[PDB]
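A.B. asks: All I have is the shape, not the residue letters:
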């Protein structure tokens, strides 16, 4: 929807891109793929750091010191 | 009790502490990013609330059903939680509050239905049981609204038949970088308050809409609901990072304490071993 007046011009942007012409979403698709790649990388880091090292040292600590 | 065992333990704990501190710094950096994103659509929902205030102002005779309560029944709880663990107690605290409030309706025997967005949420709801009408996972740090339009859309479609009474939304509130609260709210009924803007100075002429204002609010209302649920889920996502920093910093401190104690034990064992070896050598040399 949109509300327009000499005071203000506003538009509810459900789906919209400043791309010049219609059918220009290829860059948008590339940015979505990049964000998904970043999500995969952050999930990789989270899983690795959170599980592998902590379980390695805890199970190592599970073995009694003395 | 072997010396090499203690040495391996202390080395492993040192490495783990370093990586956990690095992860704490990473989480600290990520914290603000979402804070900024919230501030981005915060005016949106704020101006959106200003919009919905104008929306309710329209069609004074017409009345939408979203502003009334049917016999309290068919409670529906939407749960948003982390897809990964190590979020501190945020997940368990939110779920404990969820189940305790579930007893409430369960107390007057109100039927309870739930929808979930988090992976830990789906695991908990599957272990507990019941049937879930909407389940999503792998939403993302910045999920597009479309990623979440399906759940709210099907829920609203179900409520359109009048089967449900209202939806009781659940999410976490981020007060400061160190403090969060598991919060439960109600969204389906709407009541304006402190929206007197544009009312004490309203134009004398009636706002006539070329498009039909009878249905113009309808889409904005559904737009309002999707905007608010997106704001809630992104706020929960931002709050989720805020727990991880303190979790990992506490883990690092505990690792430091443990390594100090292990160092004490190691020194004692080393001195004992040196004493024993010297005693054995002297005793043997006395024999020959």
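C.D. replies: Alright, I've got the coordinates. Residues are numbered from 1 along each chain as shown, chains lettered A, B, ... in the order given.

A.B. asks: Counting neighbours, what do you get for residue B:177?
C.D. replies: Counted with other Cβ atoms under 10 Å in any protein chain shown, the neighbours of residue B:177 add up to 14. The way it works is simple: take the backbone N, C-alpha and C, and place the C-beta from them, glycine included.

A.B. asks: And for residue A:9?
C.D. replies: 9.

A.B. asks: and what of the one 10 residues further on?
C.D. replies: As a burial measure, the neighbour count of residue A:19 was computed by other Cβ under 10 Å and equals 12.

A.B. asks: residues contacting it?
C.D. replies: A:25, A:27, A:28 (Cβ atoms under 8 Å, 6 or more residues apart in numbering or on different chains).

A.B. asks: Counting neighbours, which of these comes out on top?
C.D. replies: Neighbour max across the contacts of residue A:19 (other Cβ under 10 Å) = residue A:25, 13 neighbours.

A.B. asks: does chain B sit close to the helix or strand hosting residue A:32?
C.D. replies: Under the criterion of DSSP states H and E, residue A:32 resides in helix A:26-47. Yes: using Cβ under 8 Å from any Cβ of the partner chain, helix A:26-47 reaches chain B at A:32, A:35, A:36, A:38, A:39, A:42, A:43, A:45, A:46, A:47.

A.B. asks: from those residues, which is closest to residue B:254?
C.D. replies: residue A:46 (19.9 Å; Cβ to Cβ).

A.B. asks: Would you mind listing the residues in contact with the closest one?
C.D. replies: So residue A:46 contacts B:84, B:86 (Cβ under 8 Å, 6+ apart).

A.B. asks: how far away is the residue nearest to residue B:117 when sequence neighbours are not counted from residue A:64?
C.D. replies: Once flanking residues are discounted, residue B:117 sits nearest to residue B:80: 4.6 Å by Cβ to Cβ, 6 or more residues apart in numbering or on different chains. Separation of residue B:80 from residue A:64 (Cβ to Cβ, to the nearest Å): 41 Å.

A.B. asks: Which one of those two is surrounded by more residues?
C.D. replies: Per other Cβ under 10 Å, whichever of residue B:80 and residue A:64 has more neighbours is residue B:80, with 26 against 7.
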